[PDB]
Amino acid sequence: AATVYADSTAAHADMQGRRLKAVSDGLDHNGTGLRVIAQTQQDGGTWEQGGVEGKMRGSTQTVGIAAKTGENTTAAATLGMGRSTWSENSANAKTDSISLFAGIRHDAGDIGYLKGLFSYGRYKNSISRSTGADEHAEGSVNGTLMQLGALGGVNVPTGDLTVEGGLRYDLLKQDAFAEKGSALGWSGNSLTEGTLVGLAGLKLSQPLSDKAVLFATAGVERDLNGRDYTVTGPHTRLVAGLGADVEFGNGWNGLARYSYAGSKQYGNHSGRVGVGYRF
């Protein structure tokens, strides 16, 4: 039972979906010219993954730009470096990751929009697992995760209700690996796994003034097919959330988001602070 590799990979993919959310949220904010954006997203939950409880923690720094590329078009490109962990009985794991995120949002005048999202990242999972009495196995595995996203949104309003919904496809290719350091060390084969995710969501923006807005978010998210990262060697979550963009003046804006995702046997706190500069 090397469930620790499946689980850490799963924990990374799950974090990656929120990283993509953040870049896609960055498509909405834009007014005038071109923004440059620096962000920290922290993550923190527990997760029973088929009999095994674990604890994920995660930190991601991102730098990004977004800009009106057209009278009705917005584009964003973000670069993200992540460090996350995953714990279990007997074993824990640290994931390093480097990811590029890209998004385009086309508006149909004021009635709604479509978004395309894409991401390519690499990851490295370092596992150590107690295998005995002061005996550990160390194991190192690389993978690639790609995401593709299509969302449509309408924009009904006294402040603003946007409804938003679509799909995200996660393609994970993970390399073969082998553990050093133990006589009951384990090897595992490469793994390709593609998962469609359905997404649906509500954003209630209320502007406070000319220089600040607060939003509430409620959302739904569910794998539409299998998401098995068990190497050879599906529940709906509700997410509720809060936010606030503020214009500090002289080009600078700030950003605060907090979010909780839940299903049976899953719970994750996601937070986010961003500082921004509009040229």
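In this text, residue numbers run from 1 along the sequence as written.
In terms of unmodelled positions of the deposited sequence, the stretch from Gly233 to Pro234 in this entry skips 10 or more residues. The entry models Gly109 and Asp110 with no unmodelled deposited residue separating them. Mean CA temperature factor is higher for 83 to 91 when stretches 192 to 200 and 83 to 91 are set side by side in the entry. Of the two stretches examined, 144 to 152 and 177 to 185, the record assigns the greater average C-alpha temperature factor to 177 to 185. Set against one another, the Cα B-factors of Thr158, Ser128, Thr73, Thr78 in the record reach their highest point at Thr158. Sort the modelled residues of the chain by CA B factor and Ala6 lands in the lowest third. Among the modelled residues of its chain, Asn30 has a C-alpha B-factor that falls in the highest third according to the deposited record. In this PDB entry, the Cα temperature factor of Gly243 sits in the top third of its chain's modelled residues, the highest group. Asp43: CA B factor lies in the highest third for its chain, per the PDB record. Split the chain's modelled residues into thirds by C-alpha temperature factor. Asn225 is in the lowest one.
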